[PDB]
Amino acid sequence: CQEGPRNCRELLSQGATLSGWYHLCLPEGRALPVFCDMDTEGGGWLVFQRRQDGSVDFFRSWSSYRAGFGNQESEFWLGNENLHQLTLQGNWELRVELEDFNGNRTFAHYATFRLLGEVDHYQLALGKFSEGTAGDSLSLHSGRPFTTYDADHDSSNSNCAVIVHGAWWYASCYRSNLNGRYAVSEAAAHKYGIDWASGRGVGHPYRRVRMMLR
């Protein structure tokens, strides 16, 4: 990792103005492909999660969430270890984008986002809510470890990941569940899906979601 840029803002500043896949050079000297959104809200956003069509299975294990998974062309999770390494230094603001089946867009912004390391179960450290038409459904999850079906760290007598078919910084269980089970419409919706409580509520999911940092 022969130098490279440290984030999407730096790529943009350097003249990379089209959104798409770029390599960042991580602090440890490892190259990482990432999707940079160079257009929304001034550009320079590192998109680390995307839901679009239900083509990719998000009901995955600790190791899968740790390393990342999915398809560049469609849906993915960048990986918790990548996110921890990226967010160690610098202030990264979080933007969440949501789109319902009508094509109505809503959003949520948070001042900072950081994940602790694997020993701390990639615990979420979330900054304060700034603004968002979708409302705040992630603050509850701040301070909580990540749990998957094979790594129960939540505050429930059960395994929330198993219970609600996802992976997240579950409590018992959630106000948000963006790595939840995909549904192509309300009819096909699951009890627990790609939900944002303060927007459309539990059991009433979104068609497209993105989570992004700048």
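Residue numbers here begin at 1 and follow the sequence given.
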| Between 64-72 and 177-185, which has the larger average Cα B-factor in the PDB entry? | 177-185
| task | Take the C-alpha B-factors listed in the entry for 83-91 and for 101-109, compute each mean, and give the stretch with the larger one. | result | 101-109
| message | What third of the chain does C8 rank in for C-alpha temperature factor, lowest, middle or highest? | response | middle
| query | Comparing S55 with the other modelled residues of its chain, is its CA B-factor in the lowest, middle or highest third? | reply | middle
| task | For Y192, return the chain-relative third of its C-alpha B-factor as stated in the PDB record: lowest, middle or highest. | result | highest
| field | Lowest, middle or highest third - CA B-factor, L18 | value | lowest
| query | Lowest, middle or highest third of the chain for the C-alpha temperature factor of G42? | reply | highest
